[PDB]
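In structure tokens, one chain follows: the form deposited in one PDB entry.
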């Protein structure tokens, strides 16, 4: 009835992005007042994050595209106090919206690698309209996107098809991987995110290494893990939308030298999927449920997730001795 899900994958694979969606798609998670407790923290983080960018601007000698934005910046600090107290007025909201859209602010944000920026900056700022709404009640991810300090493991609760799901999510980067073992306990199914678009990118930890090759290493370990023999295994080729366009621009041989297919979404995407599914040492006794997803797309994620749920209900239910 429950179903603990665990999101695994290398860094920047969009694991948390999935959590963003579940909050909206699913409701009635017996958590209304609890989310209200975190409303003040969400707003507080939004203000500090945009101020983090603006802070970097001065450091980098970046001016707002529109001179008027400077006035919006001055006001931001005055009104910011209200957001910190759990209230976001129409004035405070609009000010943050204009700064976020400005060409100069976006110039800094884009070079966020240069300075420390709030992880949830692009989450609340892009979704600013929704959280600024009257009587805003945070959802599962909205809470998870609070507190600059590391909370630990991103947890999420939502009911779907009369199943109380506890979805969990942990950093992908090499450093965070250690924590994964904590989550290994009580896991019904695993969704392993892989960045399709990362085929020509390299690890932040090591420019020399390929992000997607890294992802293959992790998937090999989870799928063939004795502990996860009984746990359902789901592959989530994420960032399909990014991959569809990117493949046209860049060749796939960057990742897979042996690949001799065309630079098309269907062939290249289908080729990755093949590399990962092959890792399954036990093709005969172990199944992988693969779907192409776009974490930012609420619709697409809902549809794929529905299919995943059916797999859990039919598979996870009773222990199996044979096969």
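Numbering follows the first chain given and starts at 1.
Unshown form solved in complex with a partner chain; subsequent notes refer to it.
The single contact residue among 101, 177, 166, 111, judged by any heavy atom lying within 4.5 Å of the partner chain in the deposited complex, is 177.
Though the partner chain is absent from this view, in the deposited complex it lies within 4.5 Å of a heavy atom of just one residue from 252, 195, 234, 170, which is 170. Using a 4.5 angstroms limit between non-hydrogen atoms, residue 130 is distant from the partner chain in the deposited complex. Residue contact with the partner chain in the deposited complex: residue 248 places no heavy atom within 4.5 Å of it.
Within 4.5 Å of any heavy atom of the partner chain in the deposited complex lies no heavy atom of residue 90. With a 4.5 Å cutoff on heavy atoms, residue 218 counts as touching the partner chain in the deposited complex. Look at 240-248, 158-166, 222-230, 132-140: in the deposited complex, residues with non-hydrogen atoms within 4.5 angstroms of the partner chain sit in 222-230.
Contact check for 8, 181 and 184: all three have a heavy atom within 4.5 Å of the partner chain in the deposited complex.
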